[PDB]
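# Just dropping in an experimental structure and the matching sequence.
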Number of protein chains: 2
Amino acid sequence: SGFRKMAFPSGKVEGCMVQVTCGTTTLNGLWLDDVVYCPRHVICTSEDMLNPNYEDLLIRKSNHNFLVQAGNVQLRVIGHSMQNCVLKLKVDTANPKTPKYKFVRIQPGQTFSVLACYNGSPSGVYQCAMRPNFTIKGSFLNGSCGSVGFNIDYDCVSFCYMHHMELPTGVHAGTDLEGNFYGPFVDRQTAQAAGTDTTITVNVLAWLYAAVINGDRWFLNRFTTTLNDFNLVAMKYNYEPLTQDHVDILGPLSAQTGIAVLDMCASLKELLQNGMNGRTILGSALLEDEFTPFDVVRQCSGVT
Amino acid sequence: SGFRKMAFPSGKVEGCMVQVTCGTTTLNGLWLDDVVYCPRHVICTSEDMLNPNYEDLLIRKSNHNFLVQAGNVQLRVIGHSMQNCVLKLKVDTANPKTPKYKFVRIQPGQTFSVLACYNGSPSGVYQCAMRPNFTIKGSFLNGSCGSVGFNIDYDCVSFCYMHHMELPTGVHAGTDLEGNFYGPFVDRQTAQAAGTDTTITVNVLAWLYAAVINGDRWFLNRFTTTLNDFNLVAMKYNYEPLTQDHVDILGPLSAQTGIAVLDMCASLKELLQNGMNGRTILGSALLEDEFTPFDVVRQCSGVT
Ligand SMILES: COc1ccccc1O[C@H](C)CNC(=O)c1cc(=O)[nH]c2ccc(F)cc12
Ligand SMILES: COc1ccccc1O[C@H](C)CNC(=O)c1cc(=O)[nH]c2ccc(F)cc12
């Protein structure tokens, strides 16, 4: 029993972290096979970030201008190319620690672990969720760019995020491993405001199921609702609309606890309307939305 | 910017996890040099757990009864001994992945990362704190015993916890790596209730400093207090008494923000007396106490 914001074991990703320096800028790179992936803004000076023309900036860079260091040893850069907002630095050595991997582009509401790195070195690991406004609420300081987000399925690492920037509001934006930003963000130091950070309803319900499984049941009520009635309340509280797809995904949690999804929706509705009344659920005084239904099942079953 | 419940990168510990089986019981072991450490209750059947005599149970066990598997390969057990509540299984092969390490016994209020494991395999990593009642609020299922808690200082892993049991109240108890339980808990399936789970005051203040550093300042007030006045309020709210040692440890956070420790204590006092009023601090609706002053500095500076 017990429920924690758990991240995947980070070892497989730690073995891929390298340092990339170009001129006076140093950030993190991801070394997989003979390619090192890093944010293209490594070629920019702080002045360039205001209005960078990446293709023009890249013309002044050669293979020898990209310094790649794996631990204390230097990798030889034999090629470089820009794919969207990432640079792919071809090195002459395949990473011997390359795990089985995939590059996946996640949907909002999906969770992942982040291995925060500085100078190619891991500092920590934490669990994130792609917000519905395509930002993440991370913990990143200067030098953290190129730190990656990932999920692990037994021995396969699915990389889904690469950190690129912090918006003026303290929230984070980045790309998938093909260099495409999540959301409308650009790798430029300009006015980029995030949209509404709505709550991931299906995740909150999954977390309420986790609470019931772990003994916290005070919020269970005598009511039920419909998808349309629940959604009227969800709209009022800036919660994402719940679809039949979400109800289907909550099927196994519903089966395990014996609590119908719409009954859990009615519990959630009363919690939204009445608040927690100074009470807690799984040690939290707010409704947690960064656990997917898959995370709840995984944690509650012990998938390794 | 941003503040997260961050765990240490777990790779160095993942390389030490092994599976230990004795009879029909399988749990996790920690392989460091040529010794595998595991909870002594691996020798018990579920029936034995009600009133086990470990010395007597151990007489019926030989080296060949302890099956140790590292990944898919079997380790040869050449010796076994019981130290307090842990078994030390001497194997014929030194773990080639043994990091630099120490065994430390932590004090209540100190935090650590847990690498939850099942069958010698890592499932996830999360950040914990040794509660003032010597329990931890973890996430452990059947088979998680022998999972360890640790801190990392650059390349040295300080192991501080080994998981042994779940109390009937859903909280967790375990030992340091010398096999001594934290608190008064015993490795027996009996009525073991935990004492008062008081709040780790110095950690809450460290977290309030983290909030100020990251932009959340609404709770800062026009007041100050004294250690004795603050402690009268702390006693009323089941917070640990704040000492001058704690004030000294908060010195660097006080210096960084320019907010005197006693002024932050007065902010904390008003938060205890008036509540959050439906507001949040670093995305939490309660006062977080599982970040030490060292964790706040580390996260806010980027120690790798
Ligand atoms: C406005 O910057 C950009 C605009 C678009 C694209 C990239 C930008 O980022 C520049 C290149 C490098 N950024 C960081 O290293 C960085 C990342 C972070 O998440 N938090 C930080 C906190 C403090 C700090 F001094 C720096 C950071
Ligand atoms: C009362 O048990 C003991 C009393 C004293 C000492 C050890 C005991 O633990 C037995 C040997 C094995 N325990 C687990 O595997 C276990 C650990 C956990 O943290 N959560 C669990 C959730 C469900 C479940 F079925 C088992 C566990």
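Alright, I've got the coordinates. Numbers count the residues shown, from 1 in each chain, chains lettered A, B, ... in the order given. Ligands and ions are numbered 1, 2, ... in the order given.

# can you list the residues of the stretch 1-150 of chain A near ligand 1?
Residues of the stretch 1-150 of chain A lying close to ligand 1 (C-beta under 6 Å from any ligand atom) are A:41, A:49, A:140-145. For the C-beta atoms, the positions are set from N, CA and C on the backbone; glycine is no exception.

# rerun that using 8 Å as the cut-off
Residues of the stretch 1-150 of chain A lying close to ligand 1 (C-beta under 8 Å from any ligand atom) are A:25, A:27, A:39, A:41, A:44, A:46, A:49, A:138, A:140-145.

# Is there a quick ChimeraX command that grabs whichever of the residues you listed are buried?
Selection of buried members from those for ChimeraX, criterion 16 or more other C-beta atoms under 10 Å in any protein chain shown:
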select /A:25,27,39,41,44,138,140,143,144,145
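
# ok, of the residues of the stretch 1-150 of chain A next to ligand 1, which one's closest to ligand 2?
If you rank those by distance to ligand 2 using C-beta to the nearest ligand atom, residue A:138 comes first, at 30.1 Å.

# residues in the stretch 1-150 of chain A within reach of chain B, list them.
A:1-12, A:14-15, A:115-119, A:121-126, A:137-144 (C-beta under 8 Å from any C-beta of the partner chain).

# Next step: the residues you listed restricted to helices.
If you go by DSSP state H, the residues of the stretch 1-150 of chain A next to chain B have A:11-12, A:14 in helices.

# could you pull out the helices for chain A?
Under DSSP H, chain A gives helices at A:11-14, A:54-59, A:201-213, A:227-236, A:244-249, A:251-257, A:261-274, A:293-301.

# Specify the stretch among these that is closest to ligand 2.
Closest of those to ligand 2 is helix A:293-301, at 10.6 Å (criterion: C-beta to the nearest ligand atom).

# The closest one close to ligand 2?
No - shown here: helix A:293-301 not in contact with ligand 2 (C-beta under 8 Å from any ligand atom), separated by at least 10.6 Å.

# Show me how far that helix is from its chain's centre.
Relative to its chain's centre, helix A:293-301 lies at 17 Å (C-alpha atoms, centre = their mean, to the nearest Å).

# The residues of the stretch 1-150 of chain A next to ligand 1 into a markdown table, with extra columns for distance to residue A:265?
Listed next are these as a markdown table, based on distance: C-beta to C-beta, whole Å:
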| residue | distance to residue A:265 |
| --- | --- |
| A:25 | 49 |
| A:27 | 44 |
| A:39 | 41 |
| A:41 | 43 |
| A:44 | 48 |
| A:46 | 49 |
| A:49 | 45 |
| A:138 | 30 |
| A:140 | 35 |
| A:141 | 40 |
| A:142 | 43 |
| A:143 | 44 |
| A:144 | 38 |
| A:145 | 40 |
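
# So which of the residues of the stretch 1-150 of chain A next to ligand 1 is the closest to residue A:110?
residue A:138 (14.8 Å; C-beta to C-beta).

# is stretch A:215-230 anywhere near chain B?
Yes - judged by C-beta under 8 Å from any C-beta, stretch A:215-230 and chain B are in contact via residue A:215.

# got the contact list for that stretch?
Applying C-beta atoms under 8 Å, 6 or more residues apart in numbering or on different chains, the external contacts of stretch A:215-230 come out as A:1, A:208, A:211-212, A:233, A:242-244, A:247, A:259-260, A:262-263, A:265-271, A:279-282, B:170.

# Now which of the residues you listed would you call buried?
Buried among the contacts of stretch A:215-230 (16+ other C-beta under 10 Å): A:1, A:208, A:211-212, A:233, A:242, A:247, A:259, A:262-263, A:265-271, A:281-282, B:170.

# Would you check which of those residues are in contact with ligand 2?
Near ligand 2, judged by C-beta under 8 Å from any ligand atom, the entries from the buried ones among the contacts of stretch A:215-230 are residue A:1.

# mind giving me the domain ranges of chain A?
Following CATH domains of a matching chain, one finds the domains of chain A at A:1-14+A:100-197, A:15-99, A:198-301.

# which of the ones you listed is buried the deepest?
domain A:1-14+A:100-197 (a mean of 20; mean count of other C-beta atoms under 10 Å in any protein chain shown).

# who touches the residue in the stretch 1-150 of chain A that chain B sits nearest to in this structure?
Closest to chain B within the stretch 1-150 of chain A is residue A:11: 3.2 Å, counting by C-beta to the nearest C-beta. Residue A:11 is in contact with B:9-12, B:14-15, B:122, counting by C-beta under 8 Å, 6+ apart.

# With residue B:8 as the reference, measure out to it.
12 Å (C-beta to C-beta, to the nearest Å).

# Repeat that for residue A:267.
Between residue A:267 and residue B:8 the computed distance is 36 Å (C-beta to C-beta).

# One more: residue A:19?
Residue A:19 is 20 Å from residue B:8, where distance means C-beta to C-beta.

# again with residue A:247
38 Å.

# cool, residue A:142 as well?
As judged by C-beta to C-beta, residue A:142 and residue B:8 stand 21 Å apart.

# What parts of chain A come near ligand 2?
On the criterion C-beta under 8 Å from any ligand atom, ligand 2 has as its neighbours in chain A the residues A:1-2.

# if I look at the closest residue to ligand 1 within the stretch 201-304 of chain A, how far off is residue A:127?
Per C-beta to the nearest ligand atom, residue A:290 is where the stretch 201-304 of chain A lies closest to ligand 1, at 18.3 Å. Separation of residue A:290 from residue A:127 (C-beta to C-beta) stands at 6 Å.

# contacting residues around the residue in the stretch 151-300 of chain A that chain B sits nearest to?
Closest approach between the stretch 151-300 of chain A and chain B, counting by C-beta to the nearest C-beta: residue A:285, at 3.5 Å. Residues near residue A:285 by C-beta under 8 Å, 6+ apart: A:276, A:278-279, B:276, B:284-286.

# I'd say residue A:269 and residue A:232 touch.
No - using C-beta atoms under 8 Å, residue A:269 is not in contact with residue A:232, being 9.3 Å away.

# so what's the closest residue to residue A:184 other than its chain neighbours up against?
Using C-beta to C-beta, 6 or more residues apart in numbering or on different chains and skipping residues adjacent in sequence, the residue nearest residue A:184 is residue A:134, 7.3 Å away. Listed by C-beta under 8 Å, 6+ apart, the contact set of residue A:134 reads A:108, A:173, A:181-185, A:194.

# Please go through chain A and pick out the longest strand.
Using DSSP state E, we find that the single longest strand of chain A is strand A:156-166.

# what pairs with that strand, and is each one parallel or antiparallel?
With DSSP bridges as the test, strand A:156-166 is paired with strand A:100-103 (parallel), strand A:148-153 (antiparallel), strand A:172-175 (antiparallel).

# residues in contact with the second one?
The list of residues contacting strand A:148-153 from outside it, by C-beta under 8 Å, 6+ apart, reads A:8-9, A:12-13, A:28, A:30, A:104, A:111-115, A:128, A:136, A:157-163, A:174, A:177.

# which residues touch residue A:197?
A:131-133, A:135, A:171, A:238.

# For the closest residue to residue A:199 other than its chain neighbours, list the residues it contacts.
Closest residue to residue A:199 apart from its sequence neighbours, by C-beta to C-beta, 6+ apart: residue A:239 at 4.5 Å. By C-beta under 8 Å, 6+ apart, residue A:239 lies in contact with A:198-199, A:201, A:204, A:233, A:272.

# switch to 7 Å and redo it
Residue A:239 makes contacts with A:198-199, A:201, as judged by C-beta atoms under 7 Å, 6 or more residues apart in numbering or on different chains.

# what do you get for residue A:234?
By C-beta under 7 Å, 6+ apart, the residues touching residue A:234 are A:201, A:240-242.

# at 8 Å instead, please
Residue A:234 neighbours (C-beta under 8 Å, 6+ apart): A:201, A:240-242, A:272.

# of these, closest to residue A:55?
Using C-beta to C-beta, the contacts of residue A:234 come closest to residue A:55 at residue A:240, 37.6 Å.

# Identify the residue nearest that closest one in space, chain neighbours excluded?
Spatial nearest neighbour of residue A:240, chain neighbours left out: residue A:201 (4.8 Å); criterion: C-beta to C-beta, 6+ apart.

# That concludes my questions; thank you for your assistance.
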